[PDB]
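File shown here: target.cif, holding mmCIF, C-alpha atoms.
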```
data_input
#
loop_
_atom_site.label_atom_id
_atom_site.label_comp_id
_atom_site.auth_asym_id
_atom_site.auth_seq_id
_atom_site.Cartn_x
_atom_site.Cartn_y
_atom_site.Cartn_z
CA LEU A 157 76.63 102.06 73.38
CA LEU A 158 78.24 105.48 74.19
CA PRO A 159 78.65 107.74 77.32
CA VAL A 160 75.56 109.81 78.27
CA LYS A 161 76.09 113.20 80.01
CA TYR A 162 74.24 112.68 83.34
CA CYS A 163 73.10 115.31 85.95
CA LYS A 164 73.23 115.25 89.78
CA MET A 165 69.95 115.40 91.79
CA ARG A 166 69.69 118.34 94.26
CA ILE A 167 69.42 116.54 97.64
CA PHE A 168 67.76 118.23 100.64
CA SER A 169 67.54 117.19 104.30
CA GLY A 170 66.24 120.04 106.52
CA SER A 171 68.90 119.47 109.24
CA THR A 172 70.98 122.40 110.58
CA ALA A 173 73.89 119.88 110.45
CA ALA A 174 73.54 119.75 106.60
CA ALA A 175 76.22 117.78 104.68
CA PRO A 176 78.46 119.58 102.07
CA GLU A 177 76.42 118.44 98.99
CA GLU A 178 72.95 119.27 100.49
CA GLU A 179 71.25 122.47 99.22
CA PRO A 180 69.49 125.33 101.05
CA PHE A 181 65.70 124.77 100.91
CA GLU A 182 64.84 127.53 98.36
CA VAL A 183 67.02 125.79 95.73
CA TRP A 184 65.43 122.41 96.48
CA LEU A 185 61.91 123.88 96.25
CA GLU A 186 62.77 125.17 92.75
CA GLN A 187 63.69 121.57 91.76
CA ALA A 188 60.64 120.05 93.47
CA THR A 189 58.23 122.56 91.83
CA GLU A 190 59.73 121.64 88.42
CA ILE A 191 58.96 117.94 89.19
CA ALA A 192 55.47 118.94 90.42
CA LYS A 193 54.39 121.29 87.56
CA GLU A 194 56.54 120.64 84.48
CA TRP A 195 57.57 116.95 84.18
CA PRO A 196 55.36 114.73 81.90
CA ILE A 197 55.45 111.75 84.32
CA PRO A 198 52.33 110.39 86.23
CA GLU A 199 51.70 111.83 89.74
CA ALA A 200 52.43 108.53 91.56
CA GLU A 201 55.93 108.70 89.96
CA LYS A 202 56.22 112.48 90.70
CA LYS A 203 55.96 111.58 94.45
CA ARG A 204 58.70 108.95 93.91
CA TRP A 205 60.99 111.50 92.17
CA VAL A 206 60.39 114.13 94.89
CA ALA A 207 61.06 111.62 97.71
CA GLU A 208 64.26 110.28 96.04
CA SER A 209 65.79 113.78 96.54
CA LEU A 210 64.98 113.81 100.30
CA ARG A 211 67.09 112.45 103.20
CA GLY A 212 66.81 112.69 107.05
CA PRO A 213 64.20 115.07 108.64
CA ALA A 214 62.82 116.28 105.29
CA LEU A 215 62.20 112.64 104.20
CA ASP A 216 60.45 112.03 107.55
CA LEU A 217 58.08 114.93 106.75
CA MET A 218 57.28 113.35 103.34
CA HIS A 219 56.34 110.06 105.09
CA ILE A 220 54.19 111.87 107.70
CA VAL A 221 52.32 113.90 105.07
CA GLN A 222 51.61 110.87 102.84
CA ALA A 223 50.51 108.72 105.81
CA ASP A 224 47.84 111.31 106.80
CA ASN A 225 46.43 111.40 103.22
CA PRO A 226 47.60 108.95 100.47
CA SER A 227 45.49 110.94 97.90
CA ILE A 228 47.43 114.23 98.54
CA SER A 229 48.73 116.05 95.41
CA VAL A 230 52.47 116.77 94.98
CA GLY A 231 51.45 120.46 94.97
CA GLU A 232 49.89 120.10 98.46
CA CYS A 233 53.01 118.19 99.61
CA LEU A 234 55.17 121.18 98.57
CA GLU A 235 52.74 123.49 100.43
CA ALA A 236 53.48 121.41 103.57
CA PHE A 237 57.26 121.69 102.91
CA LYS A 238 56.93 125.52 102.45
CA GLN A 239 54.84 125.68 105.65
CA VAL A 240 57.57 123.82 107.66
CA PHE A 241 60.95 124.76 106.11
CA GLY A 242 60.22 128.05 104.21
CA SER A 243 62.00 131.25 105.36
CA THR A 244 60.15 133.08 108.19
CA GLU A 245 61.45 136.66 107.73
CA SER A 246 59.65 140.06 107.97
CA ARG A 247 60.43 143.83 107.55
CA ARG A 248 62.27 144.31 110.92
CA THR A 249 64.15 140.94 110.75
CA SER A 250 65.30 141.19 107.10
CA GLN A 251 66.58 144.78 107.58
CA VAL A 252 68.48 143.71 110.71
CA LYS A 253 70.06 140.53 109.22
CA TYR A 254 71.18 142.54 106.17
CA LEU A 255 72.72 145.45 108.16
CA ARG A 256 74.22 143.10 110.84
CA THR A 257 76.11 141.06 108.14
CA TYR A 258 79.83 141.97 108.41
CA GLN A 259 82.66 140.57 106.22
CA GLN A 260 84.03 137.29 107.64
CA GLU A 261 87.81 136.77 108.20
CA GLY A 262 88.24 134.42 105.18
CA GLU A 263 86.17 136.46 102.66
CA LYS A 264 87.75 138.51 99.87
CA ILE A 265 85.74 141.76 99.39
CA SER A 266 84.40 140.60 95.95
CA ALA A 267 83.02 137.41 97.60
CA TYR A 268 81.56 139.42 100.52
CA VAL A 269 79.72 141.89 98.20
CA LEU A 270 78.32 138.91 96.22
CA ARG A 271 77.02 137.29 99.49
CA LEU A 272 75.67 140.66 100.57
CA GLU A 273 73.81 141.15 97.26
CA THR A 274 71.86 137.91 97.93
CA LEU A 275 70.67 139.38 101.26
CA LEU A 276 69.65 142.61 99.51
CA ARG A 277 67.51 140.62 97.00
CA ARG A 278 65.89 138.81 99.97
CA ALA A 279 65.05 142.13 101.65
CA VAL A 280 63.66 143.65 98.39
CA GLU A 281 61.34 140.62 97.90
CA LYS A 282 60.07 141.21 101.51
CA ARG A 283 59.55 144.94 100.50
CA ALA A 284 61.93 145.91 103.35
CA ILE A 285 64.12 148.11 101.02
CA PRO A 286 62.86 150.36 98.14
CA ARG A 287 64.77 149.37 94.92
CA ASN A 288 65.58 153.05 94.20
CA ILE A 289 67.98 153.12 97.26
CA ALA A 290 69.52 149.62 96.81
CA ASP A 291 72.76 151.12 95.41
CA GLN A 292 73.15 153.39 98.48
CA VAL A 293 72.67 150.53 100.96
CA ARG A 294 75.17 148.43 98.93
CA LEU A 295 77.99 151.02 99.08
CA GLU A 296 77.18 151.99 102.70
CA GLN A 297 76.80 148.38 103.96
CA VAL A 298 80.05 147.40 102.16
CA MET A 299 81.91 150.34 103.76
CA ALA A 300 80.38 149.67 107.22
CA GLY A 301 80.61 145.84 107.30
CA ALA A 302 83.83 145.15 105.32
CA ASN A 303 87.39 145.11 106.79
CA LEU A 304 88.45 147.24 103.74
CA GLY A 305 90.74 150.32 103.97
CA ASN A 306 93.21 152.65 102.22
CA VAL A 307 92.82 153.47 98.44
CA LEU A 308 89.91 150.98 98.16
CA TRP A 309 88.04 152.97 100.87
CA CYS A 310 88.95 156.15 98.92
CA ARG A 311 87.58 154.75 95.59
CA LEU A 312 84.30 153.63 97.24
CA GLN A 313 84.00 156.98 99.13
CA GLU A 314 84.57 158.77 95.78
CA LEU A 315 81.81 156.67 94.13
CA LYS A 316 79.46 157.32 97.13
CA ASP A 317 79.87 161.08 96.36
CA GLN A 318 80.08 160.66 92.49
CA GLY A 319 76.32 160.89 91.79
CA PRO A 320 75.52 157.91 89.46
CA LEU A 321 76.08 155.01 91.91
CA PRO A 322 77.31 151.52 90.80
CA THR A 323 75.02 148.65 89.77
CA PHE A 324 76.20 145.34 91.33
CA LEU A 325 78.09 144.13 88.20
CA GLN A 326 79.86 147.55 87.90
CA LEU A 327 80.64 147.56 91.65
CA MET A 328 82.17 144.11 91.15
CA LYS A 329 84.11 145.39 88.07
CA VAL A 330 85.62 148.10 90.33
CA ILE A 331 86.23 145.72 93.29
CA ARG A 332 87.94 143.15 90.96
CA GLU A 333 90.16 145.96 89.59
CA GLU A 334 91.23 146.49 93.28
CA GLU A 335 91.49 142.70 94.03
CA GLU A 336 94.36 142.53 91.43
CA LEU B 157 54.04 197.03 140.05
CA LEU B 158 53.69 193.19 139.97
CA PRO B 159 56.18 190.33 139.00
CA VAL B 160 55.79 188.29 135.76
CA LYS B 161 57.53 185.18 134.32
CA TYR B 162 60.78 185.96 132.42
CA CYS B 163 61.62 183.53 129.59
CA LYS B 164 65.38 183.60 128.75
CA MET B 165 66.87 183.55 125.19
CA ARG B 166 68.37 180.17 124.07
CA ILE B 167 72.15 180.36 123.46
CA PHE B 168 74.20 178.21 121.06
CA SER B 169 78.00 178.01 120.80
CA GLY B 170 79.38 174.93 119.00
CA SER B 171 82.05 174.71 121.78
CA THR B 172 83.04 171.11 122.73
CA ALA B 173 83.20 172.14 126.42
CA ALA B 174 79.59 173.44 126.13
CA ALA B 175 78.27 175.36 129.17
CA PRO B 176 75.25 173.76 130.99
CA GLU B 177 72.98 176.60 129.71
CA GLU B 178 73.94 176.09 126.00
CA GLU B 179 71.47 174.11 123.85
CA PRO B 180 72.09 171.26 121.40
CA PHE B 181 72.05 172.86 117.94
CA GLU B 182 68.59 171.57 116.83
CA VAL B 183 66.81 173.46 119.65
CA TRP B 184 68.63 176.67 118.75
CA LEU B 185 67.83 176.17 115.06
CA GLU B 186 64.09 176.15 115.98
CA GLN B 187 64.54 179.54 117.72
CA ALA B 188 66.61 180.93 114.83
CA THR B 189 64.13 179.70 112.16
CA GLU B 190 61.31 181.33 114.17
CA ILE B 191 63.26 184.65 114.08
CA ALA B 192 63.95 184.15 110.34
CA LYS B 193 60.40 183.15 109.21
CA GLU B 194 57.81 184.22 111.78
CA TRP B 195 59.00 187.52 113.33
CA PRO B 196 57.65 190.68 111.54
CA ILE B 197 60.81 192.84 111.91
CA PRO B 198 63.16 193.82 108.95
CA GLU B 199 65.89 191.35 107.85
CA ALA B 200 68.83 193.48 109.12
CA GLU B 201 67.23 193.48 112.60
CA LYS B 202 66.52 189.71 112.20
CA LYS B 203 70.30 189.23 111.60
CA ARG B 204 70.90 191.15 114.87
CA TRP B 205 68.40 189.10 116.96
CA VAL B 206 69.86 185.86 115.50
CA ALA B 207 73.42 187.04 116.36
CA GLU B 208 72.44 187.91 120.00
CA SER B 209 71.74 184.14 120.53
CA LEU B 210 75.32 183.00 119.62
CA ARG B 211 78.72 182.96 121.43
CA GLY B 212 82.20 181.52 120.75
CA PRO B 213 82.68 179.44 117.53
CA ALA B 214 79.08 179.74 116.30
CA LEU B 215 79.24 183.58 116.51
CA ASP B 216 82.47 183.58 114.43
CA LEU B 217 80.52 181.77 111.69
CA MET B 218 77.92 184.60 111.66
CA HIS B 219 80.76 187.08 111.01
CA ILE B 220 82.45 184.83 108.38
CA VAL B 221 79.18 184.21 106.50
CA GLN B 222 78.27 187.92 106.48
CA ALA B 223 81.84 188.81 105.34
CA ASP B 224 81.46 186.57 102.23
CA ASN B 225 78.20 188.37 101.28
CA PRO B 226 76.64 191.48 102.99
CA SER B 227 73.43 190.85 100.92
CA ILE B 228 72.91 187.29 102.36
CA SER B 229 69.47 186.22 103.70
CA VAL B 230 68.96 184.89 107.25
CA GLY B 231 67.74 181.66 105.56
CA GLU B 232 71.10 181.24 103.76
CA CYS B 233 72.92 181.93 107.07
CA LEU B 234 70.92 179.09 108.65
CA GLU B 235 71.91 176.86 105.67
CA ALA B 236 75.57 177.61 106.57
CA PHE B 237 74.88 176.83 110.28
CA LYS B 238 73.13 173.56 109.24
CA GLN B 239 76.16 172.64 107.05
CA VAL B 240 78.71 173.39 109.79
CA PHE B 241 76.92 172.18 112.99
CA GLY B 242 73.99 169.96 111.82
CA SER B 243 74.46 166.21 112.47
CA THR B 244 76.22 164.00 109.83
CA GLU B 245 73.72 161.08 109.81
CA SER B 246 73.73 158.71 106.80
CA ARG B 247 70.89 156.36 105.69
CA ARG B 248 72.93 153.37 107.06
CA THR B 249 73.63 155.07 110.46
CA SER B 250 70.10 156.47 110.94
CA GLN B 251 68.67 153.03 110.02
CA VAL B 252 71.03 151.18 112.37
CA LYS B 253 70.62 153.61 115.31
CA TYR B 254 66.85 153.28 114.96
CA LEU B 255 66.74 149.45 114.68
CA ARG B 256 69.38 148.97 117.46
CA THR B 257 67.33 151.10 119.97
CA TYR B 258 65.94 148.79 122.73
CA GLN B 259 64.15 149.61 126.00
CA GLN B 260 67.02 149.80 128.52
CA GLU B 261 67.86 149.82 132.29
CA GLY B 262 64.18 149.59 133.47
CA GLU B 263 62.83 152.67 131.59
CA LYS B 264 59.05 153.15 131.52
CA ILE B 265 57.79 151.53 128.26
CA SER B 266 56.07 154.87 127.46
CA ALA B 267 59.41 156.70 127.98
CA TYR B 268 61.04 154.14 125.65
CA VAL B 269 58.50 154.60 122.80
CA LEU B 270 58.95 158.40 123.17
CA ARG B 271 62.79 158.08 122.96
CA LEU B 272 62.33 155.79 119.97
CA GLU B 273 59.87 158.14 118.19
CA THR B 274 62.45 160.98 118.14
CA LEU B 275 64.76 158.71 116.07
CA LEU B 276 61.93 157.68 113.75
CA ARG B 277 61.28 161.39 112.93
CA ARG B 278 65.05 161.77 112.27
CA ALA B 279 65.00 158.76 109.92
CA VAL B 280 61.74 159.84 108.14
CA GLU B 281 63.21 163.29 107.25
CA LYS B 282 66.19 161.44 105.64
CA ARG B 283 63.55 159.13 103.97
CA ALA B 284 65.69 156.36 105.56
CA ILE B 285 62.23 154.91 106.36
CA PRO B 286 59.45 155.11 103.68
CA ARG B 287 56.90 157.56 105.20
CA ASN B 288 53.88 155.38 104.27
CA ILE B 289 55.21 152.59 106.62
CA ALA B 290 56.55 154.71 109.54
CA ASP B 291 53.71 153.32 111.71
CA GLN B 292 54.57 149.73 110.64
CA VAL B 293 58.26 150.08 111.57
CA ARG B 294 57.22 151.82 114.82
CA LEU B 295 54.96 148.92 115.85
CA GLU B 296 57.60 146.37 114.78
CA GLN B 297 60.45 148.22 116.54
CA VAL B 298 58.36 148.56 119.75
CA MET B 299 57.27 144.89 119.61
CA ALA B 300 60.92 143.83 119.00
CA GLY B 301 62.61 146.42 121.27
CA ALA B 302 60.34 146.75 124.36
CA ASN B 303 59.91 144.45 127.39
CA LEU B 304 56.21 144.81 126.33
CA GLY B 305 54.15 142.11 128.20
CA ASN B 306 51.67 139.60 126.71
CA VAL B 307 48.29 141.49 126.65
CA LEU B 308 50.00 144.53 125.07
CA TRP B 309 51.57 142.23 122.44
CA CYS B 310 48.15 140.71 121.63
CA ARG B 311 46.55 144.21 121.36
CA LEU B 312 49.20 145.77 119.07
CA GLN B 313 49.36 142.54 116.97
CA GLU B 314 45.55 142.65 116.75
CA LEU B 315 45.58 146.31 115.53
CA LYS B 316 48.41 145.48 113.05
CA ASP B 317 46.56 142.36 111.76
CA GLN B 318 43.12 144.07 111.67
CA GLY B 319 44.53 146.96 109.68
CA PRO B 320 44.15 150.02 111.94
CA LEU B 321 47.82 151.04 112.28
CA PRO B 322 48.25 153.37 115.33
CA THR B 323 49.36 156.98 115.40
CA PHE B 324 52.02 157.62 118.09
CA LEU B 325 49.36 159.00 120.48
CA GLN B 326 47.09 155.91 120.09
CA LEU B 327 50.12 153.63 120.64
CA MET B 328 51.02 155.66 123.77
CA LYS B 329 47.43 155.37 125.15
CA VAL B 330 47.55 151.57 124.79
CA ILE B 331 51.07 151.44 126.33
CA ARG B 332 49.94 153.49 129.41
CA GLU B 333 46.96 151.18 130.03
CA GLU B 334 49.23 148.08 130.31
CA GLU B 335 52.11 150.07 132.01
CA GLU B 336 49.96 151.17 135.04
#
```

Now that the file is in, can you turn its structure into structure tokens?
Amino acid sequence: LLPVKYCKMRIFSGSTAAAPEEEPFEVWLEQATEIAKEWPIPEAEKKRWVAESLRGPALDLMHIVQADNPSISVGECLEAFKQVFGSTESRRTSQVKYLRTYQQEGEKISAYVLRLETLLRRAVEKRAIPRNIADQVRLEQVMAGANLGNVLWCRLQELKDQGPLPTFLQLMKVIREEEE
Amino acid sequence: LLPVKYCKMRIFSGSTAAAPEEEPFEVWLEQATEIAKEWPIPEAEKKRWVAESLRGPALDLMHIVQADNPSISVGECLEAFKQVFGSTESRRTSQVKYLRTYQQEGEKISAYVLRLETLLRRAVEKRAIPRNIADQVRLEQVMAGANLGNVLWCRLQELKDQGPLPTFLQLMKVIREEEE
């Protein structure tokens, strides 16, 4: 009778060769846990709604897990998905992948510091960085890993010596004022 | 008459073309801090016995720092020496130098964990590692950075899993047993 504003399902596949519309697993698990815990629908239909987001190797895991136990809960299915596809990292590995992450040739500095902030949140959740030094390891990892130079280097080096170090949104406010 | 052992004074210079007898600054700073803190003799004579251990650029700094203030303490002199000659390590560079340190060229695995432990002390005095996990990052950096061997891996991983995190000496004992 009238147009209804629809919404796209977050598809996941588990391949390394992931297609452009397929999400990283952590984003899919947030959708699948909403279907598991929060939706009103019966559990036989929860399985259907989980599986209709899966394609390729991740769908093959759903078939395997159901075939071993047809009575399995959607919660225990997501425990199997966590146990297979969930991120494996640890103190040494998270610290290394964060510090080893340089700016790529196509990245603007504001995009690089946004990417880098995701890695810092990952490392803080693994308790590999104390939150009270997160600002230091931002400014220092930006200066070490970026291809930045000149008056931008000077403004960051000033802030590194300033005392009150930037929060991420303030650091971005500065870096955008240099992107212009 | 009868001969006895004759232990020579340690000399520091700050010269780039350092003579083979001249120490790296940290070793000299131990001798100077011993003269400052532990020797019984009056502070004017402490200034003299500190000065007798310096030649070239580092001696000029003793004269400069006394010329600014004839009332200065030996401790404040050593703060000026630390400022001028002490190493310029950052949290990023101490962290990276530590994590990037592998066992190399066919070193003894004991000689590797010794070389490594010197850098962990460096990083702990910067608090670039949280002191309460220094043993964790030691075990992880050994297990990542050594050639190791399987039974050693099982034993350290057992101690880490069990809970009893090694001191450096306990870790060394275990490493000798599998190194022989």

Could you list, as a CSV table (one decimal) with C-alpha atoms, in the frame of the given file, every residue matched by the PyMOL selection byres ((chain A) within 9 of (chain B)) in this structure?
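For reference, expr_14.csv as written:
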```
chain,number,residue,atom,x,y,z
A,247,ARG,CA,60.4,143.8,107.6
A,248,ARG,CA,62.3,144.3,110.9
A,251,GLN,CA,66.6,144.8,107.6
A,252,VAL,CA,68.5,143.7,110.7
A,255,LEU,CA,72.7,145.4,108.2
A,256,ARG,CA,74.2,143.1,110.8
A,285,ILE,CA,64.1,148.1,101.0
A,286,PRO,CA,62.9,150.4,98.1
A,292,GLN,CA,73.2,153.4,98.5
A,293,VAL,CA,72.7,150.5,101.0
A,296,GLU,CA,77.2,152.0,102.7
A,297,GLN,CA,76.8,148.4,104.0
A,300,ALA,CA,80.4,149.7,107.2
```

Selection: 12 Å around residue A:273, only C-alpha atoms, excl. self and same-chain fewer than 3 positions, as JSON, numbers by chain: {"A": [254, 255, 257, 266, 267, 268, 269, 270, 276, 277, 278, 279, 280, 290, 291, 293, 294, 295, 297, 298, 323, 324, 325, 327, 328]}

If chain A is fitted onto chain B by least squares over all C-alpha atoms, taken pair by pair in sequence order, what do its new coordinates look like as a CSV table (one decimal) with C-alpha atoms, in the frame of the given file?
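In the end it all went to out-v3.csv:
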```csv
chain,number,residue,atom,x,y,z
A,157,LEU,CA,54.4,199.3,137.0
A,158,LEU,CA,53.4,195.6,137.0
A,159,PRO,CA,55.1,192.2,136.3
A,160,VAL,CA,55.5,191.3,132.6
A,161,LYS,CA,55.4,187.6,131.6
A,162,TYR,CA,58.9,187.1,129.9
A,163,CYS,CA,60.2,184.3,127.7
A,164,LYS,CA,63.6,182.5,127.7
A,165,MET,CA,65.8,182.7,124.5
A,166,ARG,CA,66.7,179.3,123.0
A,167,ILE,CA,70.5,179.2,123.3
A,168,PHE,CA,72.7,177.1,121.0
A,169,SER,CA,76.4,176.3,121.1
A,170,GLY,CA,77.3,173.5,118.6
A,171,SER,CA,79.6,171.7,121.1
A,172,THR,CA,79.1,167.9,121.8
A,173,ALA,CA,79.7,168.8,125.4
A,174,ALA,CA,76.4,170.9,125.4
A,175,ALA,CA,75.1,172.3,128.7
A,176,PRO,CA,71.7,171.2,130.1
A,177,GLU,CA,69.8,174.4,128.9
A,178,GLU,CA,71.3,174.4,125.3
A,179,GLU,CA,69.0,173.1,122.5
A,180,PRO,CA,69.7,170.6,119.6
A,181,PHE,CA,70.4,172.6,116.4
A,182,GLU,CA,67.0,171.9,114.6
A,183,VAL,CA,65.1,173.7,117.4
A,184,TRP,CA,67.6,176.6,117.3
A,185,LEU,CA,67.3,176.9,113.5
A,186,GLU,CA,63.5,177.2,113.9
A,187,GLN,CA,64.0,180.2,116.3
A,188,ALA,CA,66.7,181.7,114.1
A,189,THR,CA,64.5,181.4,110.9
A,190,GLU,CA,61.7,183.2,112.8
A,191,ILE,CA,64.1,186.1,113.6
A,192,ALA,CA,65.3,186.0,110.0
A,193,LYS,CA,61.9,185.9,108.1
A,194,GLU,CA,59.2,187.1,110.5
A,195,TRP,CA,60.4,189.7,113.0
A,196,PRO,CA,59.7,193.4,112.0
A,197,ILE,CA,63.1,194.6,113.2
A,198,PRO,CA,65.9,196.0,110.8
A,199,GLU,CA,68.5,193.5,109.5
A,200,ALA,CA,71.4,195.0,111.5
A,201,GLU,CA,69.4,194.2,114.6
A,202,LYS,CA,68.3,190.8,113.3
A,203,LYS,CA,72.1,189.8,113.3
A,204,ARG,CA,72.3,191.1,116.9
A,205,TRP,CA,69.3,189.0,118.0
A,206,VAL,CA,70.6,185.9,116.2
A,207,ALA,CA,74.1,186.3,117.8
A,208,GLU,CA,72.7,186.9,121.3
A,209,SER,CA,71.4,183.3,121.2
A,210,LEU,CA,74.8,181.8,120.3
A,211,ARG,CA,77.6,180.8,122.7
A,212,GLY,CA,81.0,178.9,122.1
A,213,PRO,CA,81.7,177.2,118.7
A,214,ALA,CA,78.5,178.4,117.1
A,215,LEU,CA,79.2,182.0,118.1
A,216,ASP,CA,82.7,181.6,116.6
A,217,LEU,CA,81.1,180.6,113.3
A,218,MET,CA,78.9,183.7,113.4
A,219,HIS,CA,82.1,185.9,113.8
A,220,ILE,CA,83.9,184.1,111.0
A,221,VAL,CA,81.0,184.4,108.5
A,222,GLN,CA,80.5,188.1,109.2
A,223,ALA,CA,84.2,188.9,109.0
A,224,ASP,CA,84.4,187.4,105.5
A,225,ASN,CA,81.4,189.5,104.3
A,226,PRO,CA,79.9,192.3,106.5
A,227,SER,CA,77.0,192.7,103.9
A,228,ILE,CA,75.8,189.1,104.2
A,229,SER,CA,72.1,188.6,104.8
A,230,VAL,CA,70.8,186.8,107.9
A,231,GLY,CA,69.3,184.3,105.5
A,232,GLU,CA,72.8,183.5,104.1
A,233,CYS,CA,74.2,183.3,107.6
A,234,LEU,CA,71.6,180.6,108.4
A,235,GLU,CA,72.6,178.8,105.2
A,236,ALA,CA,76.1,178.7,106.6
A,237,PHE,CA,74.8,177.3,109.9
A,238,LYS,CA,72.8,174.6,108.0
A,239,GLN,CA,75.9,173.8,105.9
A,240,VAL,CA,78.0,173.3,109.1
A,241,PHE,CA,75.7,172.0,111.9
A,242,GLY,CA,72.7,170.5,109.9
A,243,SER,CA,72.0,166.7,110.2
A,244,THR,CA,74.0,164.7,107.6
A,245,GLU,CA,71.8,161.5,107.3
A,246,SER,CA,70.8,159.4,104.3
A,247,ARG,CA,68.6,156.3,103.4
A,248,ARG,CA,71.1,153.6,104.8
A,249,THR,CA,72.1,155.7,107.9
A,250,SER,CA,68.6,156.8,109.0
A,251,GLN,CA,67.3,153.2,108.6
A,252,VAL,CA,70.2,151.8,110.7
A,253,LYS,CA,70.0,154.5,113.5
A,254,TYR,CA,66.3,153.9,113.8
A,255,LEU,CA,66.5,150.0,113.9
A,256,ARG,CA,69.7,150.1,116.1
A,257,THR,CA,67.9,152.2,118.8
A,258,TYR,CA,67.1,149.9,121.8
A,259,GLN,CA,65.4,151.0,125.1
A,260,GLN,CA,67.9,152.4,127.6
A,261,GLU,CA,68.0,151.1,131.2
A,262,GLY,CA,66.3,154.2,132.7
A,263,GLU,CA,63.5,154.6,130.1
A,264,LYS,CA,59.9,153.6,130.8
A,265,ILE,CA,58.3,152.1,127.7
A,266,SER,CA,56.0,155.1,127.1
A,267,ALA,CA,59.1,157.4,127.1
A,268,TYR,CA,61.0,155.0,124.8
A,269,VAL,CA,58.2,154.8,122.2
A,270,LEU,CA,58.0,158.7,122.2
A,271,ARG,CA,61.8,158.9,121.6
A,272,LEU,CA,61.5,156.3,118.9
A,273,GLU,CA,58.6,158.1,117.2
A,274,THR,CA,61.0,161.1,116.7
A,275,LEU,CA,63.4,158.9,114.9
A,276,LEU,CA,60.6,157.5,112.7
A,277,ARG,CA,59.6,161.1,111.7
A,278,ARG,CA,63.3,161.8,110.8
A,279,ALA,CA,63.4,158.7,108.6
A,280,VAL,CA,60.1,159.5,106.9
A,281,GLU,CA,61.4,163.0,106.0
A,282,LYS,CA,64.5,161.4,104.5
A,283,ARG,CA,62.1,159.1,102.5
A,284,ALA,CA,63.8,156.1,104.1
A,285,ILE,CA,60.4,154.6,105.3
A,286,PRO,CA,57.0,154.6,103.4
A,287,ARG,CA,54.3,156.2,105.7
A,288,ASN,CA,51.9,153.3,104.9
A,289,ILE,CA,54.2,150.8,106.9
A,290,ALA,CA,55.1,153.2,109.8
A,291,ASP,CA,52.7,151.5,112.2
A,292,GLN,CA,54.4,148.1,111.5
A,293,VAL,CA,57.9,149.4,112.1
A,294,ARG,CA,56.6,151.0,115.3
A,295,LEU,CA,55.2,147.8,116.8
A,296,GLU,CA,58.1,145.7,115.5
A,297,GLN,CA,60.9,148.1,116.6
A,298,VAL,CA,59.2,148.5,120.0
A,299,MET,CA,59.0,144.7,120.5
A,300,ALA,CA,62.6,144.2,119.2
A,301,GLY,CA,64.3,147.1,121.0
A,302,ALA,CA,62.4,147.3,124.3
A,303,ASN,CA,63.1,145.3,127.5
A,304,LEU,CA,59.3,144.6,127.7
A,305,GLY,CA,57.8,141.2,128.5
A,306,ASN,CA,54.8,139.2,129.8
A,307,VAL,CA,51.2,140.5,129.3
A,308,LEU,CA,52.5,143.7,127.7
A,309,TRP,CA,54.3,141.6,125.1
A,310,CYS,CA,51.0,139.6,124.7
A,311,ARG,CA,48.9,142.8,124.2
A,312,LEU,CA,51.4,144.2,121.6
A,313,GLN,CA,51.6,140.7,119.8
A,314,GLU,CA,47.8,140.7,119.7
A,315,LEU,CA,47.7,144.2,118.2
A,316,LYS,CA,50.4,143.2,115.6
A,317,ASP,CA,48.0,140.4,114.5
A,318,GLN,CA,44.8,142.4,115.0
A,319,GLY,CA,44.6,144.0,111.5
A,320,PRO,CA,44.0,147.8,112.1
A,321,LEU,CA,47.4,148.7,113.7
A,322,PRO,CA,47.8,151.6,116.4
A,323,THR,CA,48.5,155.2,115.5
A,324,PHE,CA,51.1,156.7,117.9
A,325,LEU,CA,48.6,158.4,120.2
A,326,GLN,CA,46.6,155.1,120.4
A,327,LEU,CA,49.7,153.0,121.0
A,328,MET,CA,50.6,155.4,123.8
A,329,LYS,CA,47.0,155.1,125.2
A,330,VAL,CA,47.6,151.3,125.4
A,331,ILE,CA,51.1,151.6,126.8
A,332,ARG,CA,49.9,154.1,129.5
A,333,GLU,CA,47.1,151.6,130.4
A,334,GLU,CA,50.0,149.0,131.0
A,335,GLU,CA,52.3,151.6,132.8
A,336,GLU,CA,49.6,151.9,135.6
```

Test item: the PyMOL selection byres ((chain B and resi 198-207) around 12) resolved as a PyMOL selection string: chain B and resi 165-169+184-197+208-212+214-219+221-222+226-234+237

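In this model, the gap between atom CA of residue A:311 and atom CA of residue B:244 comes to 20.4 Å.
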
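Here atom CA of residue A:163 and atom CA of residue A:176 stand 17.5 Å from one another.
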
Coordinates-based distance that separates atom CA of residue A:240 from atom CA of residue A:258 (Å, one decimal): 28.7 Å

Specify as a CSV table (one decimal) with C-alpha atoms, in the coordinates of the input each residue included when the PyMOL selection byres ((chain B and resi 312) around 10) is applied to this file.
```
chain,number,residue,atom,x,y,z
B,295,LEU,CA,55.0,148.9,115.8
B,296,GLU,CA,57.6,146.4,114.8
B,298,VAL,CA,58.4,148.6,119.8
B,299,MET,CA,57.3,144.9,119.6
B,307,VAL,CA,48.3,141.5,126.6
B,308,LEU,CA,50.0,144.5,125.1
B,309,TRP,CA,51.6,142.2,122.4
B,310,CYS,CA,48.2,140.7,121.6
B,311,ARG,CA,46.6,144.2,121.4
B,313,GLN,CA,49.4,142.5,117.0
B,314,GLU,CA,45.6,142.6,116.8
B,315,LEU,CA,45.6,146.3,115.5
B,316,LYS,CA,48.4,145.5,113.0
B,317,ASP,CA,46.6,142.4,111.8
B,318,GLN,CA,43.1,144.1,111.7
B,320,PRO,CA,44.2,150.0,111.9
B,321,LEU,CA,47.8,151.0,112.3
B,322,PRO,CA,48.2,153.4,115.3
B,327,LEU,CA,50.1,153.6,120.6
B,330,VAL,CA,47.6,151.6,124.8
B,331,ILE,CA,51.1,151.4,126.3
```
